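Notes to accompany the following structure.
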Amino acid sequence: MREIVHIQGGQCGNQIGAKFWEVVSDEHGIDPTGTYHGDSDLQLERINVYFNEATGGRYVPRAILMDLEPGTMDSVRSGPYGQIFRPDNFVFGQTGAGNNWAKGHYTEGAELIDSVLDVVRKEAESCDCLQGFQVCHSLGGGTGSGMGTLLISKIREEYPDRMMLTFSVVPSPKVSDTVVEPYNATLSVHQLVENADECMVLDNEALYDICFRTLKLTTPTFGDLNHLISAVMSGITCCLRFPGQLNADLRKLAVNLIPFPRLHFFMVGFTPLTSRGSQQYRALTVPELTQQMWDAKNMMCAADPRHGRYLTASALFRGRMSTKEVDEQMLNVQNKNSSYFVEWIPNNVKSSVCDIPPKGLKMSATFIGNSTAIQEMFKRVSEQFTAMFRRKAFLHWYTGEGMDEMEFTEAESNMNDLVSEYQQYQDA
Amino acid sequence: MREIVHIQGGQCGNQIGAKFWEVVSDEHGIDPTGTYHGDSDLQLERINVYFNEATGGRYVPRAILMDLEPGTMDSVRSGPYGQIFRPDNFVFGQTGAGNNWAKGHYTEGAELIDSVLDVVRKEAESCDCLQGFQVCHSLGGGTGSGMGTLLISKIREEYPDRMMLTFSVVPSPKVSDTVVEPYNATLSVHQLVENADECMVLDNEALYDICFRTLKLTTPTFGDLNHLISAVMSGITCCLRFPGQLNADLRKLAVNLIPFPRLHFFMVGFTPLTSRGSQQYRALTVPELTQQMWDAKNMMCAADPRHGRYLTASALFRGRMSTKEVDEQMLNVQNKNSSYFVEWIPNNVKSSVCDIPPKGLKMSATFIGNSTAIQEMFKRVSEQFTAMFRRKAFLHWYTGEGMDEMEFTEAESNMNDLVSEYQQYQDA
Amino acid sequence: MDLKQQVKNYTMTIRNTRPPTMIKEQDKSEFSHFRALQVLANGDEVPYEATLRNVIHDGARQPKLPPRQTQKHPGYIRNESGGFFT
Amino acid sequence: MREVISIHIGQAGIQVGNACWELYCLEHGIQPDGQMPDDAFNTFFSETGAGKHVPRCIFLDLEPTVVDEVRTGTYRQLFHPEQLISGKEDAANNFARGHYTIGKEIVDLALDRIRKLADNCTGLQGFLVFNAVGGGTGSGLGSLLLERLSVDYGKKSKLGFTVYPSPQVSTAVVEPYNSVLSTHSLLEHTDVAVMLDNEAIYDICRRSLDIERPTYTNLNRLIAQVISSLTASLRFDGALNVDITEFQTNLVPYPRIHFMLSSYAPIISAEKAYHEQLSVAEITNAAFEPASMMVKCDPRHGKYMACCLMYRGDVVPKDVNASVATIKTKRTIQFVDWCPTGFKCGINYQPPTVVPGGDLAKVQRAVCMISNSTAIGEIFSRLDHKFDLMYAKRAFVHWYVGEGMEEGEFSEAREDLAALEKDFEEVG
Amino acid sequence: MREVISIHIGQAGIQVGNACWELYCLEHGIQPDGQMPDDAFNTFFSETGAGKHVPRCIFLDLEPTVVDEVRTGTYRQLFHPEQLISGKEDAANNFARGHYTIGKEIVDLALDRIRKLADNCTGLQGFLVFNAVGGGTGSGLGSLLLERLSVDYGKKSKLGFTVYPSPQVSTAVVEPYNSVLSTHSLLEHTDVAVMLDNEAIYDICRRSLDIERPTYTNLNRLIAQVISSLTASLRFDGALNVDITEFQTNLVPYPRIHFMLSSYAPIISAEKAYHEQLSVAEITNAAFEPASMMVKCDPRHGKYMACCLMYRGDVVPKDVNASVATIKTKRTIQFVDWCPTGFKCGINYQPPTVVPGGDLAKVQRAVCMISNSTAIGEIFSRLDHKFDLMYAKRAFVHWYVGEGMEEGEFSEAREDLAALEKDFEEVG
Ligand SMILES: CC(=O)O[C@H]1C(=O)[C@@]2(C)[C@H]([C@H](OC(=O)c3ccccc3)[C@]3(O)C[C@H](OC(=O)[C@H](O)[C@@H](NC(=O)c4ccccc4)c4ccccc4)C(C)=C1C3(C)C)[C@]1(OC(C)=O)CO[C@@H]1C[C@@H]2O
Ligand SMILES: CC(=O)O[C@H]1C(=O)[C@@]2(C)[C@H]([C@H](OC(=O)c3ccccc3)[C@]3(O)C[C@H](OC(=O)[C@H](O)[C@@H](NC(=O)c4ccccc4)c4ccccc4)C(C)=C1C3(C)C)[C@]1(OC(C)=O)CO[C@@H]1C[C@@H]2O
Ligand SMILES: Nc1nc2c(ncn2[C@@H]2O[C@H](COP(=O)(O)OP(=O)(O)OP(=O)(O)O)[C@@H](O)[C@H]2O)c(=O)[nH]1
Ligand SMILES: Nc1nc2c(ncn2[C@@H]2O[C@H](COP(=O)(O)OP(=O)(O)OP(=O)(O)O)[C@@H](O)[C@H]2O)c(=O)[nH]1
Ligand SMILES: Nc1nc2c(ncn2[C@@H]2O[C@H](COP(=O)(O)OP(=O)(O)O)[C@@H](O)[C@H]2O)c(=O)[nH]1
Ligand SMILES: Nc1nc2c(ncn2[C@@H]2O[C@H](COP(=O)(O)OP(=O)(O)O)[C@@H](O)[C@H]2O)c(=O)[nH]1
Ligand SMILES: [Mg+2]
Ligand SMILES: [Mg+2]
């Protein structure tokens, strides 16, 4: 039960999905051939949440791979873990996205959704009790933003009761690999707020620092960044997969984190994170894991917590430990930094716990926080957008797809309305 | 409980701590691999004061090593016991010191304090009952004086209740390895008086004589000087580390030694000390240990106690003995040279003892005294300060970092008041 | 509750009605192993795998995570008043 | 003739049950495989046609992830699978999802399991609920169930051991919401309801047994001891045998006031058991200790409307008469005027049985104190506070109104508490 | 029936407690493991449910180091760890730290242990205090304790064996301060007070036993012999038995004058013992010798207000009244006019015991003397001078007023020292 279907949009989303499916395939101990070669029974009790059975004792992922320009889909097929995907779980088109949110969401998106919806419906019905969805965006490119939102809007009006996640990678405030990037960001946000339930936001810039300071990596390639997104994405669901003294389904994480329907942009962090040297000296206890997670550096988003207060947070532990320690740790933190939380919320952390740790480790944890610090991120973009929209730069591409200007003005105002709500509950 | 955090500032401070953390590491019988290989339980009973636990039964020192110009931190890390330090406990900056107190305390200070303070708190919480801080200085240089005083001020404003010891090495009256030496000295003394509780002042000159006459050393390297400071620094805390029929915490030494908040400048010395030859003649008895420490040579600071007067004093013995001997010994000295002591204090000495001797030795002692003869040092430095300040020598360097002339005037006045205080209670 | 769980419960009911007979969940060549050992006792020439016998049990799931040690060093933490933990 | 039906709703409920039904099979020699090698077990079992003893319990839950653990644990041979109920989806900490949308569709199932279980019992003493307030299942469903029970029986007695949301330690952000809603509905249905919380038991393991790493499994063993000593007279002999009817008539003077605290003594490890004698006077004093309670309430802030004592092991009736006389003499303990009596005691001759791998030690004496005190209204005032502290912001209310509820129930659950709070003040 | 509660505060208290409880367990056949291979021990022990005998003592301290030694010493199988109390931090010879700041938060633990220790006794003779005046724990806490004791019982008798700051030998520098603050605060609460000084006993070791290596152990040995001879009547047979009630009333004429000296005889090694026959007279002569006292107080400068002699071993009452008549005829002794009597003598039939590896020798006769004299004001006068000698300078005061004290207490305690001294003059 609680099965979950997984979607990957855009190039990046298709790439981190290659790791998420490679990390999990090793967790439950299956092979690149799709055969199981683990040892315990916990590898099999809740395997159905991530896989469908196959003939001959194979396991294939409940994944969908959507992206134009099928060149990328040859890559993931050629990776060491491409042989587990059903080669008909591949929807694509020869034409490019071009980073134009419009065509990704108006012209070339409308040509594929009828096929994608055919595929997601097919394996939405392959689940006994479908828990929810989850995607992998990239708010910069046109595939991720344009196709992702159009897909999401379709799912929402078809599966209203279910829940939609989003591991959207936000653009960088300092770095802009593209130029029309703020146009793709704001236009997507005008869709997510009303058409999602939980939306993690992640930025590669913070992923570079974490790999630089903590991990002491010299050359963090995109794999390592993807290796981190994979790590957390597995940490969210170990309750659904493994036994736990206090299990946390995704719907109970929702209700404990979003007091208002619109404040569903989260802030994520993983722990423990050390180099190979520090691994020898540091000891793995609940104290280490909670001070590291409550640090302002582990936040993979380009937002400073100290500029805001946690409306609510939540920590997920996995590893044989004592529940009392994690119960008082979240208490002390709630006491000392009383300025970093709110008053109308008496206890604003939830401390779930699982019984089975990661593969080679013995204790681990994951931090999720709904702080008002994220309002900074949207503030920034809302300038770069209103900077060029004041000059109508690059806008002719967007009128080239039957769009108008009202679409932007409505979209921008939606964020200014949103970030306004993050200020109301931040009484400084 | 009573866990103590250690600091090492400057070149010298980073260098003596290499010995200090080498001596103690062999006292408690742990290896350069960080694991314990002693014989008794006692090395484990109060091991918590100097170390933290680790995976695989390892013990890492609770020390913080801070210095610009990270060249020397390679030396200790290449030292035979550099493998035990947590490599996250290495704060350094590439830009040199420049022997300028300002940049060591105004521009380059602010760049590293935020980093250091993250470190000091990261293991200040690791202590169940933090006894106090302790730090190894060098008032001549720019890192030692500048950074430490800046660092000391910050510590005092978050741990005001605790005690701040200080093993600062003083500039020499006759030798000046540098030129601008008095400037950094006064600018540090203007900070030490207000943000410290106990300040041991030591000078390598007397360290040279004690190496020359008693130990009969032909060529003393800096490793031998630091070998001495390691001994006395390991001689203070035998009470917090080992049993004793009369133990002495630091806080009771402080109350028993400074009757006034500003007379916290001390004077130390070790006992016994002998070459290999006379060690085959000499006998180890408590009369031996007390005359050698009461003498006016062993005083590591370049001051003559006979010119001043002992306000307070103390003696810390280690080794199985009869404490009445120690009791009557200290009584004799208070009688014979009755002019080196004060009147309004009936008994101005404290006689401690520990039941645990040194590693290879069996009896040893340590001296400490708060005499007014120490004001001789602040007299000397005041001359060197006023001579150049009269002509504003090397002064543009200091103004080059936003500094002004008032800070020199008050720093001068504060020593003048200080040395004035040591005169009042010195009624000759 | 549902079809899948009712089938599950019926199979579990069968498992409980049947005696588990402390079974070993794998049976190798019992009498062949005995015969090969008797051949070794006197004839002194038997294949190695013929001499061998293999038996497995369930053991457990949960593949030997290392111990948590449940306890610090008795020099750091004290009970409420000075006193070890047990 | 004298049997009880033990229900276990929610995760904590069935967790504690995994300890109670662990203790009982050992108290009566029942092997984990259903069968041992009269009336000593009928209260908690029912011998089958031949050999096996099934525990007359019900394990109910909406999260499959924990019931399926008993389904594969060592204690599967005990339970017939028709007992262990599960569900494809859970309540996710929403009272409405537990009480309105999901819970409505499985009560008819369990109600038939009960009807198939009450008929086997000849003399039905009463039900035995294990609610865990603070979740969706325990609160929403458990309350929906008890409504369906009182319409069937009414005259029967419905007990309850409800873990309450602790003031300081709390692992939910919305649990002040559901807690109020649960009490507003269970109060007029149940007739007696024991209350307790986690942290009050966390400390007891630190004070008395001195285990620095208590987990949910440790607290569960202590809840097992409370019930065994409570229900022993239902299954064992002894002077002053106590039955639920005679346990209930003389402890709830008013219909609304039925909540009460609990306590237990002695609580000591093995080593502390050899340096003692454990006189009946010691235990009754330890039992009356406000620190030995299982709820974070201050009894000295109120009086005792009534009290009750179930001793165990080697006792004689005169000493209880003597010890209770000593208690009525002290001044720290108060009693309201309209109750001159207030001690309905009881003995059994069967000692408490310890479980291998348990934290307690073997004792030939034990006391379980239950008392209805007007001091308990303070902890109701906390939930009285936090509710309006958040309902003022209407936080999380979109979940409840979105799940078959409205604002009316909140306001209507509100008034009942203020009315209940004044009732605790009308007794003075 | 007849029991005493021995308390040990500070370092010296838990030091001598190691000696006395070594002596008793030796005298009564108690093995270190609780059990022995009635009422002979009930005065000092509580036979458990089977075999073990727990000593009815209590060890208090703020320095963990010493109470930790007993925990690892051989006598860990004797003390219920509930008895051995410690503290994370010490008092560091500051009265306020042991009295105002740290003492307050732990007495609730001690009185808890004491309440658990008095209820076990059916007839409580009185408390037995082993204080150490001159430190922060002994003086600060001990005084804070006695107030908590007298507010509790009052009717109970409080007896105190306190070590007093010796005038010549002075291991501290500030000990006049807290001693002054102690004597004032304790006086109105203790019913009797015995004071002893280490320096005197040191001289005793020299003349009689002839040990030029006297340690704190040997001194602690002798106190054990004194108290063992005192409690001898309480726990043994013998003509003219003495109990604390009648003992105290025939020794304290005025409520304020309860300060008394002590003496013991014979005190002889194993060689001088062979060349001697030990008649009662010479023992009583030595017991009245001012040198054989344990205080540096000369009784020949005042009068004896009363006196009490506790013999041991083979004595007949006719030898007693003969030897005492040899004293009251002597001129070197002086008594006050308003008492023709003044000798409360006691005999016991059990000889003194000797400790293997100890310093005493086997003797069949033994006498201890306790006298109340007005001459004690002499050593009280020294502390009067030393206080103002440093209070005019206000030395060390910034500690006290910083540790939760004021300047009144210095003046307030000052007057009662004057007040007491005049009272010792009004009896002339
Ligand atoms: C001797 C030893 O313990 O080696 C460790 C190790 O030293 C460290 C440094 C590992 C190591 O990780 C890295 O070196 C690394 C490099 C780039 C980016 C991220 C990590 C390790 O690779 C990671 C690896 O951890 C795992 O396998 C986790 O269970 C992790 N696995 C994967 O992500 C994975 C997936 C597919 C193939 C290979 C690895 C995981 C995390 C969450 C959920 C599921 C799995 C292990 C134990 C180690 C090494 C090998 C050095 C660390 O990683 C994790 C997630 O454990 C880096 O910080 C941790 C701390 C570990 O101590
Ligand atoms: C056969 C024998 O007895 O040899 C002695 C020895 O003869 C003498 C000369 C030693 C020796 O010390 C020196 O030669 C020396 C050289 C430069 C500076 C200081 C000392 C010795 O090295 C020193 C060493 O002392 C210790 O081990 C102490 O416990 C000391 N340990 C260290 O300094 C140390 C050495 C190596 C690695 C780590 C630490 C100590 C001091 C304070 C606190 C804790 C420990 C011992 C007994 C000896 C030798 C080897 C000759 C002396 O030093 C000490 C520290 O005891 C020098 O004066 C004393 C008198 C000793 O008798
Ligand atoms: N004493 C004790 N308390 C527990 C235990 N497990 C959980 N709790 C507490 O019970 C409360 C939640 O219980 P749950 O059963 O998980 O909640 P629920 O009723 O199932 O509602 P949903 O989570 O929506 O399904 C929390 O406060 C837990 O801390 C346990 O094993 N022992
Ligand atoms: N005769 C004798 N005197 C002792 C012994 N131990 C300590 N003393 C004396 O006790 C005095 C010190 O008292 P402490 O108990 O250490 O002071 P404190 O009250 O505990 O305050 P802190 O030191 O802060 O803990 C010293 O003068 C010792 O001479 C002993 O074993 N025998
Ligand atoms: N973690 C990670 N991020 C990537 C990677 N490749 C691209 N990104 C980011 O994803 C954005 C581009 O999105 P993309 O899918 O390539 O364009 P689209 O096809 O129009 O949606 C850019 O901001 C890239 O920096 C990768 O390999 N790993
Ligand atoms: N005991 C000892 N003192 C040293 C040593 N090396 C340098 N010192 C003193 O340290 C002084 C300069 O301090 P330094 O740390 O180099 O300057 P900074 O980096 O600006 O703080 C010099 O006057 C040296 O005499 C050493 O190895 N042992
Ligand atoms: Mg639940
Ligand atoms: Mg002390």
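Don't overthink the numbers, they just go from 1 along the chain as shown.
Each Cβ is built from the backbone N, Cα and C atoms, and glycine gets one as well.
Copied over from Swiss-Prot:
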BINDING   E:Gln11, E:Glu63, E:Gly136, E:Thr137, E:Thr171, E:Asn198, E:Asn220  GTP binding site
BINDING   E:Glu63  Mg(2+) binding site
ACT_SITE  E:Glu246  active site
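Positions of Swiss-Prot features highlighted on the structure.
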{"residue": "E:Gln11", "record": "GTP binding site", "CB count, 10 Å": "23"}
{"residue": "E:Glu63", "record": "GTP binding site", "CB count, 10 Å": "27"}
{"residue": "E:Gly136", "record": "GTP binding site", "CB count, 10 Å": "30"}
{"residue": "E:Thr137", "record": "GTP binding site", "CB count, 10 Å": "32"}
{"residue": "E:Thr171", "record": "GTP binding site", "CB count, 10 Å": "24"}
{"residue": "E:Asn198", "record": "GTP binding site", "CB count, 10 Å": "21"}
{"residue": "E:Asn220", "record": "GTP binding site", "CB count, 10 Å": "20"}
{"residue": "E:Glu246", "record": "active site", "CB count, 10 Å": "11"}
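In the three-state DSSP scheme, E:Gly136 (GTP binding site) is classed as helix. Secondary structure at E:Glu246 (active site), taken from DSSP and collapsed to helix, strand or coil, is helix. Nearest by CA distance to the residue listed as 'active site', out of the binding-site residues E:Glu63, E:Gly136, E:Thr171, is E:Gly136. Overall, the recorded GTP-binding residues E:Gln11, E:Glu63, E:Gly136, E:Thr137, E:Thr171, E:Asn198, E:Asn220 cover a maximum inter-Cα distance of 21 Å. Proximity to chain C, defined as a CB-CB distance below 8 A, holds for none of the recorded positions E:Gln11, E:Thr137, E:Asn198, E:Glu246. Chain B comes within the C-beta cut-off of under 8 angstroms for none of the recorded positions E:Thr137, E:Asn220, E:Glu246. Not one of the binding-site residues listed as E:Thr171, E:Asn198, E:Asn220 brings a Cβ under 6 Å of any atom of ligand 8.
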